[PDB]
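Trainee: File name start-v9.cif; file contents mmCIF, C-alpha atoms; chains and numbers go by the auth columns; full text below.
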data_target
#
loop_
_atom_site.group_PDB
_atom_site.id
_atom_site.type_symbol
_atom_site.label_atom_id
_atom_site.label_comp_id
_atom_site.label_asym_id
_atom_site.label_seq_id
_atom_site.Cartn_x
_atom_site.Cartn_y
_atom_site.Cartn_z
_atom_site.B_iso_or_equiv
_atom_site.auth_seq_id
_atom_site.auth_asym_id
ATOM 1 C CA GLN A 1 -180.304 306.198 181.278 0.00 1 V
ATOM 2 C CA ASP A 2 -178.477 307.843 184.179 0.00 2 V
ATOM 3 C CA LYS A 3 -174.840 307.078 184.989 0.00 3 V
ATOM 4 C CA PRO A 4 -172.795 306.743 188.208 0.00 4 V
ATOM 5 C CA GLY A 5 -170.713 309.548 189.682 0.00 5 V
ATOM 6 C CA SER A 6 -173.543 312.072 189.482 0.00 6 V
ATOM 7 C CA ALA A 7 -174.899 313.562 192.707 0.00 7 V
ATOM 8 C CA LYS A 8 -178.120 315.265 193.798 0.00 8 V
ATOM 9 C CA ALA A 9 -178.588 318.385 195.922 0.00 9 V
ATOM 10 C CA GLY A 10 -181.548 319.429 198.051 0.00 10 V
ATOM 11 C CA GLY A 11 -181.962 322.631 200.024 0.00 11 V
ATOM 12 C CA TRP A 12 -184.098 322.852 203.153 0.00 12 V
ATOM 13 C CA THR A 13 -185.521 326.142 204.427 0.00 13 V
ATOM 14 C CA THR A 14 -187.155 325.886 207.851 0.00 14 V
ATOM 15 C CA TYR A 15 -189.208 328.965 208.728 0.00 15 V
ATOM 16 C CA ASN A 16 -191.427 329.579 211.755 0.00 16 V
ATOM 17 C CA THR A 17 -193.605 332.366 213.155 0.00 17 V
ATOM 18 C CA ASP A 18 -190.966 332.863 215.848 0.00 18 V
ATOM 19 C CA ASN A 19 -187.783 334.843 215.202 0.00 19 V
ATOM 20 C CA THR A 20 -185.736 331.645 215.425 0.00 20 V
ATOM 21 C CA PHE A 21 -184.883 330.419 211.927 0.00 21 V
ATOM 22 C CA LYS A 22 -183.400 327.114 210.768 0.00 22 V
ATOM 23 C CA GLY A 23 -181.521 326.403 207.552 0.00 23 V
ATOM 24 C CA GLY A 24 -179.804 323.415 205.987 0.00 24 V
ATOM 25 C CA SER A 25 -179.245 321.255 202.915 0.00 25 V
ATOM 26 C CA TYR A 26 -178.939 317.554 202.101 0.00 26 V
ATOM 27 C CA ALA A 27 -177.236 315.799 199.189 0.00 27 V
ATOM 28 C CA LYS A 28 -176.757 312.188 198.095 0.00 28 V
ATOM 29 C CA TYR A 29 -173.643 311.071 196.219 0.00 29 V
ATOM 30 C CA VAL A 30 -174.399 308.092 193.978 0.00 30 V
ATOM 31 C CA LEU A 31 -171.172 306.301 193.055 0.00 31 V
ATOM 32 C CA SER A 32 -172.344 302.685 192.900 0.00 32 V
ATOM 33 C CA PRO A 33 -175.616 300.702 192.808 0.00 33 V
ATOM 34 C CA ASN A 34 -174.731 298.808 195.986 0.00 34 V
ATOM 35 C CA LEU A 35 -174.919 301.770 198.364 0.00 35 V
ATOM 36 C CA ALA A 36 -174.887 305.571 198.242 0.00 36 V
ATOM 37 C CA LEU A 37 -173.586 308.358 200.480 0.00 37 V
ATOM 38 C CA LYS A 38 -175.791 310.977 202.138 0.00 38 V
ATOM 39 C CA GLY A 39 -175.167 314.147 204.123 0.00 39 V
ATOM 40 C CA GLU A 40 -177.396 316.885 205.518 0.00 40 V
ATOM 41 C CA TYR A 41 -176.003 319.996 207.206 0.00 41 V
ATOM 42 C CA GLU A 42 -178.178 321.835 209.728 0.00 42 V
ATOM 43 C CA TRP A 43 -177.187 325.399 210.611 0.00 43 V
ATOM 44 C CA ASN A 44 -178.850 327.821 213.026 0.00 44 V
ATOM 45 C CA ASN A 45 -178.467 331.377 214.325 0.00 45 V
ATOM 46 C CA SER A 46 -177.341 329.989 217.683 0.00 46 V
ATOM 47 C CA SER A 47 -174.233 327.892 218.324 0.00 47 V
ATOM 48 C CA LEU A 48 -176.227 324.655 218.443 0.00 48 V
ATOM 49 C CA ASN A 49 -175.681 323.531 214.850 0.00 49 V
ATOM 50 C CA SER A 50 -174.944 319.952 213.796 0.00 50 V
ATOM 51 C CA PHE A 51 -174.256 317.682 210.823 0.00 51 V
ATOM 52 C CA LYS A 52 -175.890 314.354 209.970 0.00 52 V
ATOM 53 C CA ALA A 53 -174.382 311.864 207.521 0.00 53 V
ATOM 54 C CA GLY A 54 -174.751 308.210 206.582 0.00 54 V
ATOM 55 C CA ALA A 55 -175.293 305.741 203.751 0.00 55 V
ATOM 56 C CA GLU A 56 -178.129 304.121 201.802 0.00 56 V
ATOM 57 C CA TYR A 57 -178.207 300.331 201.500 0.00 57 V
ATOM 58 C CA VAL A 58 -180.636 298.574 199.159 0.00 58 V
ATOM 59 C CA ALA A 59 -181.769 295.266 200.656 0.00 59 V
ATOM 60 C CA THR A 60 -184.839 294.812 198.455 0.00 60 V
ATOM 61 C CA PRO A 61 -186.449 296.341 195.340 0.00 61 V
ATOM 62 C CA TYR A 62 -189.659 297.150 197.213 0.00 62 V
ATOM 63 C CA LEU A 63 -188.070 297.954 200.575 0.00 63 V
ATOM 64 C CA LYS A 64 -185.007 300.179 200.939 0.00 64 V
ATOM 65 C CA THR A 65 -182.853 300.939 203.980 0.00 65 V
ATOM 66 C CA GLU A 66 -181.057 304.213 204.699 0.00 66 V
ATOM 67 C CA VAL A 67 -178.842 304.624 207.766 0.00 67 V
ATOM 68 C CA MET A 68 -178.698 308.250 208.902 0.00 68 V
ATOM 69 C CA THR A 69 -176.242 309.067 211.689 0.00 69 V
ATOM 70 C CA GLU A 70 -176.327 312.434 213.454 0.00 70 V
ATOM 71 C CA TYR A 71 -172.925 313.891 214.328 0.00 71 V
ATOM 72 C CA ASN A 72 -172.167 316.820 216.634 0.00 72 V
ATOM 73 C CA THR A 73 -169.287 318.717 218.239 0.00 73 V
ATOM 74 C CA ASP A 74 -168.747 315.741 220.545 0.00 74 V
ATOM 75 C CA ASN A 75 -167.567 312.275 219.510 0.00 75 V
ATOM 76 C CA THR A 76 -171.080 311.157 218.572 0.00 76 V
ATOM 77 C CA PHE A 77 -174.632 312.475 218.910 0.00 77 V
ATOM 78 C CA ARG A 78 -177.013 309.686 217.902 0.00 78 V
ATOM 79 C CA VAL A 79 -177.652 307.103 215.182 0.00 79 V
ATOM 80 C CA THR A 80 -181.087 306.746 213.592 0.00 80 V
ATOM 81 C CA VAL A 81 -182.291 304.301 210.939 0.00 81 V
ATOM 82 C CA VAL A 82 -184.951 305.039 208.323 0.00 82 V
ATOM 83 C CA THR A 83 -186.831 302.474 206.238 0.00 83 V
ATOM 84 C CA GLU A 84 -188.882 303.330 203.152 0.00 84 V
ATOM 85 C CA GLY A 85 -190.477 301.320 200.361 0.00 85 V
ATOM 86 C CA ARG A 86 -193.399 300.980 197.961 0.00 86 V
ATOM 87 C CA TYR A 87 -196.765 299.609 199.084 0.00 87 V
ATOM 88 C CA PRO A 88 -199.815 298.993 196.856 0.00 88 V
ATOM 89 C CA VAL A 89 -203.224 300.547 197.512 0.00 89 V
ATOM 90 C CA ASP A 90 -206.783 299.623 196.540 0.00 90 V
ATOM 91 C CA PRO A 91 -207.554 303.097 195.133 0.00 91 V
ATOM 92 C CA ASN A 92 -205.300 305.243 192.947 0.00 92 V
ATOM 93 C CA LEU A 93 -203.451 306.700 195.935 0.00 93 V
ATOM 94 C CA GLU A 94 -200.152 305.158 197.032 0.00 94 V
ATOM 95 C CA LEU A 95 -198.909 303.940 200.415 0.00 95 V
ATOM 96 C CA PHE A 96 -195.295 304.334 201.533 0.00 96 V
ATOM 97 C CA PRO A 97 -194.141 302.242 204.523 0.00 97 V
ATOM 98 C CA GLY A 98 -192.171 304.525 206.821 0.00 98 V
ATOM 99 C CA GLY A 99 -189.993 303.320 209.671 0.00 99 V
ATOM 100 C CA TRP A 100 -188.204 305.482 212.229 0.00 100 V
ATOM 101 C CA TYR A 101 -185.564 304.063 214.570 0.00 101 V
ATOM 102 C CA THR A 102 -183.738 305.958 217.314 0.00 102 V
ATOM 103 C CA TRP A 103 -180.568 304.390 218.714 0.00 103 V
ATOM 104 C CA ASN A 104 -178.247 305.944 221.296 0.00 104 V
ATOM 105 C CA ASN A 105 -175.663 305.052 223.940 0.00 105 V
ATOM 106 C CA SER A 106 -177.650 306.491 226.848 0.00 106 V
ATOM 107 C CA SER A 107 -181.208 305.400 226.058 0.00 107 V
ATOM 108 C CA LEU A 108 -182.304 302.158 224.397 0.00 108 V
ATOM 109 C CA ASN A 109 -183.063 301.535 220.722 0.00 109 V
ATOM 110 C CA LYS A 110 -186.681 302.016 219.651 0.00 110 V
ATOM 111 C CA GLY A 111 -188.372 301.787 216.263 0.00 111 V
ATOM 112 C CA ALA A 112 -191.613 303.743 215.988 0.00 112 V
ATOM 113 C CA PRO A 113 -194.047 303.096 213.106 0.00 113 V
ATOM 114 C CA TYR A 114 -194.431 305.621 210.288 0.00 114 V
ATOM 115 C CA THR A 115 -197.113 306.003 207.620 0.00 115 V
ATOM 116 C CA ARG A 116 -196.513 308.131 204.526 0.00 116 V
ATOM 117 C CA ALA A 117 -199.248 308.600 201.923 0.00 117 V
ATOM 118 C CA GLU A 118 -198.848 310.113 198.458 0.00 118 V
ATOM 119 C CA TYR A 119 -201.465 310.828 195.790 0.00 119 V
ATOM 120 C CA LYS A 120 -203.293 313.494 193.789 0.00 120 V
ATOM 121 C CA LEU A 121 -206.213 315.084 195.638 0.00 121 V
ATOM 122 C CA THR A 122 -207.447 316.274 192.243 0.00 122 V
ATOM 123 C CA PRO A 123 -204.958 318.432 190.295 0.00 123 V
ATOM 124 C CA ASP A 124 -201.719 317.227 188.709 0.00 124 V
ATOM 125 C CA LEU A 125 -199.746 317.362 191.959 0.00 125 V
ATOM 126 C CA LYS A 126 -198.142 315.017 194.488 0.00 126 V
ATOM 127 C CA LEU A 127 -199.689 315.572 197.919 0.00 127 V
ATOM 128 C CA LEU A 128 -197.534 313.783 200.494 0.00 128 V
ATOM 129 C CA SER A 129 -199.195 313.242 203.873 0.00 129 V
ATOM 130 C CA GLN A 130 -197.043 312.027 206.764 0.00 130 V
ATOM 131 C CA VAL A 131 -198.814 310.604 209.814 0.00 131 V
ATOM 132 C CA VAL A 132 -197.202 309.087 212.906 0.00 132 V
ATOM 133 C CA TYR A 133 -199.417 306.962 215.151 0.00 133 V
ATOM 134 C CA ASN A 134 -198.453 305.041 218.289 0.00 134 V
ATOM 135 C CA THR A 135 -199.942 302.321 220.492 0.00 135 V
ATOM 136 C CA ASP A 136 -200.997 304.899 223.082 0.00 136 V
ATOM 137 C CA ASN A 137 -202.142 307.895 221.037 0.00 137 V
ATOM 138 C CA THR A 138 -201.346 310.010 217.978 0.00 138 V
ATOM 139 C CA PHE A 139 -197.654 310.895 217.757 0.00 139 V
ATOM 140 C CA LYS A 140 -197.612 313.727 215.217 0.00 140 V
ATOM 141 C CA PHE A 141 -199.215 315.016 212.017 0.00 141 V
ATOM 142 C CA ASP A 142 -197.685 316.865 209.066 0.00 142 V
ATOM 143 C CA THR A 143 -198.620 317.621 205.458 0.00 143 V
ATOM 144 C CA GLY A 144 -196.577 318.126 202.305 0.00 144 V
ATOM 145 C CA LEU A 145 -196.984 319.085 198.653 0.00 145 V
ATOM 146 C CA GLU A 146 -194.786 318.277 195.656 0.00 146 V
ATOM 147 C CA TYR A 147 -195.027 320.394 192.505 0.00 147 V
ATOM 148 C CA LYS A 148 -192.846 321.855 189.753 0.00 148 V
ATOM 149 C CA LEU A 149 -192.842 323.428 186.289 0.00 149 V
ATOM 150 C CA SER A 150 -190.127 321.295 184.690 0.00 150 V
ATOM 151 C CA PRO A 151 -188.615 317.825 185.248 0.00 151 V
ATOM 152 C CA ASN A 152 -185.130 319.281 185.696 0.00 152 V
ATOM 153 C CA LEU A 153 -185.791 320.961 189.044 0.00 153 V
ATOM 154 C CA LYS A 154 -188.671 320.673 191.512 0.00 154 V
ATOM 155 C CA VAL A 155 -189.958 322.206 194.748 0.00 155 V
ATOM 156 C CA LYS A 156 -191.956 320.949 197.730 0.00 156 V
ATOM 157 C CA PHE A 157 -193.497 322.633 200.772 0.00 157 V
ATOM 158 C CA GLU A 158 -194.486 320.724 203.910 0.00 158 V
ATOM 159 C CA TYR A 159 -195.592 321.980 207.325 0.00 159 V
ATOM 160 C CA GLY A 160 -195.280 320.101 210.604 0.00 160 V
ATOM 161 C CA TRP A 161 -197.961 320.075 213.291 0.00 161 V
ATOM 162 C CA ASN A 162 -197.763 318.662 216.817 0.00 162 V
ATOM 163 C CA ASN A 163 -198.020 319.431 220.533 0.00 163 V
ATOM 164 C CA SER A 164 -194.309 320.248 220.693 0.00 164 V
ATOM 165 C CA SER A 165 -194.138 322.874 217.947 0.00 165 V
ATOM 166 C CA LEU A 166 -197.164 325.063 217.226 0.00 166 V
ATOM 167 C CA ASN A 167 -196.688 325.206 213.454 0.00 167 V
ATOM 168 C CA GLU A 168 -193.563 324.888 211.310 0.00 168 V
ATOM 169 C CA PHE A 169 -193.239 325.545 207.577 0.00 169 V
ATOM 170 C CA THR A 170 -190.442 323.772 205.707 0.00 170 V
ATOM 171 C CA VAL A 171 -189.787 324.093 201.974 0.00 171 V
ATOM 172 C CA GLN A 172 -187.396 321.734 200.192 0.00 172 V
ATOM 173 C CA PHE A 173 -185.609 322.657 196.964 0.00 173 V
ATOM 174 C CA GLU A 174 -184.929 319.751 194.605 0.00 174 V
ATOM 175 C CA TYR A 175 -181.949 320.512 192.369 0.00 175 V
ATOM 176 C CA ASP A 176 -179.469 318.142 190.726 0.00 176 V
ATOM 177 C CA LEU A 177 -175.759 318.952 190.960 0.00 177 V
ATOM 178 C CA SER A 178 -173.968 320.595 188.032 0.00 178 V
ATOM 179 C CA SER A 179 -171.139 318.069 187.746 0.00 179 V
#
Go ahead and express the file in the form of structure tokens.
Mentor:
Amino acid sequence: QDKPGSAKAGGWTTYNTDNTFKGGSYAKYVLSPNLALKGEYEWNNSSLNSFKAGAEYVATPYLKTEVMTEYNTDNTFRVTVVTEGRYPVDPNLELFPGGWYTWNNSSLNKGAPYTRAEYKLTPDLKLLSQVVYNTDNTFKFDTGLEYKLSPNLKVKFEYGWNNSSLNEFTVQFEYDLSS
């Protein structure tokens, strides 16, 4: 149904109890089926902003690979790899295999496990729960919700929770480009 050349936009509003506020937006340019381009700009009140960009390569129909490289004022900041796919589940809920990989020049490459669940707690919504567990102990825990009024545009609100940050509230804005 859809055709090549079209792109998708997605705003990201990061708000926290503290005065410090974070804002950014990510978009994916689909030109060909082989691979697609991606870019997410992260701006902040301070002068510590950055820009991450990469590409999305499809190795399998069930498992997809998306290389996301983080660029900064310097030559290079760091390159991370993300792996997502579709996993079956006994019940009605769905299981999404998440994979986080952090590669840098200073430190060594490491790929931590990621578990992303998505289902309807009851109402006609898409509750996305992201949990990160490690061999030692729990890594982090965050929740997310996906809802909308029309198919054209959509909105989602997810909050992160961990020892590092007390409580962060991020709301994504799904909106397809005009051209």
Trainee: Would you give me, as a tab-separated table, each residue of stretch 50-157 of chain V having an atom within 10 Å of an atom of stretch 21-42 of chain V, along with its shortest atom pair and that distance in Å to one decimal, using only C-alpha atoms and sorting by chain and residue number?
Mentor:
residue	atom	partner	partner_atom	distance
V:50	CA	V:42	CA	5.5
V:51	CA	V:41	CA	4.6
V:52	CA	V:40	CA	5.3
V:53	CA	V:39	CA	4.2
V:54	CA	V:38	CA	5.3
V:55	CA	V:37	CA	4.5
V:56	CA	V:36	CA	5.0
V:57	CA	V:35	CA	4.8
V:58	CA	V:35	CA	6.6
V:59	CA	V:34	CA	9.2
V:65	CA	V:35	CA	9.8
V:66	CA	V:38	CA	8.9
V:67	CA	V:38	CA	9.0
V:68	CA	V:38	CA	7.9
V:69	CA	V:39	CA	9.2
V:70	CA	V:40	CA	9.2
V:71	CA	V:41	CA	9.9
Trainee: Have a look at atom CA of residue V:81 and atom CA of residue V:115 and let me know their distance in Å, one decimal.
Mentor: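 Interatomic distance, atom CA of residue V:81 to atom CA of residue V:115: 15.3 Å.
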Trainee: Written as a VMD selection string, what is the full residue list that the PyMOL selection byres ((chain V and resi 45) around 9) yields on the file shown?
Mentor: chain V and resid 20 to 23 43 to 44 46 to 49
Trainee: List as an mmCIF file with C-alpha atoms, in the frame of the given file: which residues have an atom within 10 Å of (-198.8, 330.3, 209.2), counting all atoms listed in the file?
Mentor:
data_model
loop_
_atom_site.group_PDB
_atom_site.id
_atom_site.type_symbol
_atom_site.label_atom_id
_atom_site.label_comp_id
_atom_site.auth_asym_id
_atom_site.auth_seq_id
_atom_site.Cartn_x
_atom_site.Cartn_y
_atom_site.Cartn_z
ATOM 1 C CA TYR V 15 -189.208 328.965 208.728
ATOM 2 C CA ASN V 16 -191.427 329.579 211.755
ATOM 3 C CA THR V 17 -193.605 332.366 213.155
ATOM 4 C CA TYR V 159 -195.592 321.980 207.325
ATOM 5 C CA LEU V 166 -197.164 325.063 217.226
ATOM 6 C CA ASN V 167 -196.688 325.206 213.454
ATOM 7 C CA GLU V 168 -193.563 324.888 211.310
ATOM 8 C CA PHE V 169 -193.239 325.545 207.577
#
Trainee: How far is it from atom CA of residue V:171 to atom CA of residue V:61, in Å with one decimal?
Mentor: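 These two atoms are separated by 28.7 Å.
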Trainee: Between V:97, V:151, V:144, V:123, single out the one closest to residue V:172, counting all atoms listed in the file.
Mentor: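 Smallest separation from residue V:172 among the options: V:144.
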Trainee: Which residues fall under the PyMOL selection byres ((chain V and resi 85) around 9) in this file, as a CSV table (one decimal) with C-alpha atoms, keeping the file's coordinate frame?
Mentor:
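Dumped everything to part.csv:
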chain,number,residue,atom,x,y,z
V,60,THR,CA,-184.8,294.8,198.5
V,61,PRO,CA,-186.4,296.3,195.3
V,62,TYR,CA,-189.7,297.2,197.2
V,63,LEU,CA,-188.1,298.0,200.6
V,64,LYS,CA,-185.0,300.2,200.9
V,65,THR,CA,-182.9,300.9,204.0
V,83,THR,CA,-186.8,302.5,206.2
V,84,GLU,CA,-188.9,303.3,203.2
V,86,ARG,CA,-193.4,301.0,198.0
V,87,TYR,CA,-196.8,299.6,199.1
V,95,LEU,CA,-198.9,303.9,200.4
V,96,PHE,CA,-195.3,304.3,201.5
V,97,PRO,CA,-194.1,302.2,204.5
V,98,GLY,CA,-192.2,304.5,206.8
Trainee: So how many Å separate atom CA of residue V:76 and atom CA of residue V:116, to one decimal?
Mentor: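 So the answer is 29.2 Å.
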Trainee: Residues near stretch 102-111 of chain V, anyone? I mean within 9 Å using only C-alpha atoms, not counting same-chain ones fewer than 5 positions away, as number ranges by chain.
Mentor: V: 77-81
Trainee: Considering only C-alpha atoms, state which residue in the set V:179, V:145, V:165, V:121 is at the smallest distance from residue V:4.
Mentor: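 Answer, going by the shortest atom-to-atom distance: V:179.
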Trainee: Of the candidates V:88, V:12, V:114, V:158, which shows the shortest atom-to-atom distance to residue V:101, using all atoms listed in the file?
Mentor: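 Using all atoms listed in the file, the shortest distance to residue V:101 belongs to V:114.
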Trainee: Would you please work out which residue, of V:138, V:129, V:19, V:170, is nearest to residue V:155 when using all atoms listed in the file?
Mentor: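 Closest candidate: V:170.
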Trainee: Point out the residue among V:93, V:153, V:125, V:117 with the least atom-to-atom distance to residue V:141, counting all atoms listed in the file.
Mentor: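 Using all atoms listed in the file, the shortest distance to residue V:141 belongs to V:117.
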Trainee: Counting only C-alpha atoms, which residues sit no farther than 6 Å from the position (-175.5, 317.2, 188.3) in the file's frame? I'd like them as a PyMOL selection string.
Mentor: chain V and resi 6-7+176-179
Trainee: Between V:161, V:133, V:119, V:100, single out the one closest to residue V:147, counting all atoms listed in the file.
Mentor: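 The closest residue to residue V:147 is V:119.
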Trainee: Would you mind writing stretch 138-156 of chain V with N, CA, C and O atoms, as a compact mmCIF listing (two decimals), in the coordinates of the input?
Mentor:
# COMPACT_ATOMS: atom_id res chain seq x y z
N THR V 138 -201.99 309.38 219.12
CA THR V 138 -201.35 310.01 217.98
C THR V 138 -199.99 310.60 218.36
O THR V 138 -199.86 311.24 219.40
N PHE V 139 -199.00 310.38 217.51
CA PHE V 139 -197.65 310.90 217.76
C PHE V 139 -197.49 312.30 217.19
O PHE V 139 -197.16 313.24 217.91
N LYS V 140 -197.73 312.44 215.89
CA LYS V 140 -197.61 313.73 215.22
C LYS V 140 -198.34 313.71 213.87
O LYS V 140 -198.71 312.65 213.37
N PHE V 141 -198.54 314.89 213.30
CA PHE V 141 -199.22 315.02 212.02
C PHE V 141 -198.63 316.16 211.20
O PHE V 141 -198.51 317.29 211.68
N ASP V 142 -198.26 315.86 209.95
CA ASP V 142 -197.68 316.86 209.07
C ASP V 142 -198.12 316.63 207.62
O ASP V 142 -198.38 315.50 207.22
N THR V 143 -198.21 317.71 206.85
CA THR V 143 -198.62 317.62 205.46
C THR V 143 -197.52 318.13 204.53
O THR V 143 -196.65 318.90 204.94
N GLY V 144 -197.57 317.70 203.27
CA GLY V 144 -196.58 318.13 202.30
C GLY V 144 -197.11 318.12 200.89
O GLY V 144 -198.01 317.35 200.55
N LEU V 145 -196.56 318.99 200.05
CA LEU V 145 -196.98 319.08 198.65
C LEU V 145 -195.78 319.11 197.72
O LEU V 145 -194.80 319.80 197.97
N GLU V 146 -195.87 318.34 196.63
CA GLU V 146 -194.79 318.28 195.66
C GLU V 146 -195.26 318.75 194.29
O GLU V 146 -196.15 318.15 193.68
N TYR V 147 -194.66 319.84 193.80
CA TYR V 147 -195.03 320.39 192.50
C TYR V 147 -193.82 321.03 191.83
O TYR V 147 -192.80 321.30 192.47
N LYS V 148 -193.93 321.25 190.52
CA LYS V 148 -192.85 321.86 189.75
C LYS V 148 -193.31 322.21 188.35
O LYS V 148 -194.37 321.77 187.90
N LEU V 149 -192.51 323.01 187.65
CA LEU V 149 -192.84 323.43 186.29
C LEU V 149 -192.13 322.55 185.26
O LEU V 149 -192.69 322.24 184.21
N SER V 150 -190.91 322.14 185.58
CA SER V 150 -190.13 321.30 184.69
C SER V 150 -189.56 320.09 185.44
O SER V 150 -189.46 320.08 186.66
N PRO V 151 -189.18 319.05 184.68
CA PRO V 151 -188.62 317.82 185.25
C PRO V 151 -187.22 318.04 185.83
O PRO V 151 -186.82 317.37 186.78
N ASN V 152 -186.48 318.98 185.24
CA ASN V 152 -185.13 319.28 185.70
C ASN V 152 -185.11 319.53 187.20
O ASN V 152 -184.53 318.74 187.96
N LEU V 153 -185.74 320.61 187.63
CA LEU V 153 -185.79 320.96 189.04
C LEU V 153 -187.22 320.89 189.57
O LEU V 153 -188.18 320.97 188.80
N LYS V 154 -187.36 320.75 190.88
CA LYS V 154 -188.67 320.67 191.51
C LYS V 154 -188.65 321.33 192.89
O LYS V 154 -187.59 321.59 193.45
N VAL V 155 -189.84 321.59 193.43
CA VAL V 155 -189.96 322.21 194.75
C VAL V 155 -191.11 321.60 195.54
O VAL V 155 -192.13 321.21 194.98
N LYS V 156 -190.93 321.51 196.86
CA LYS V 156 -191.96 320.95 197.73
C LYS V 156 -192.05 321.74 199.03
O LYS V 156 -191.04 322.18 199.57
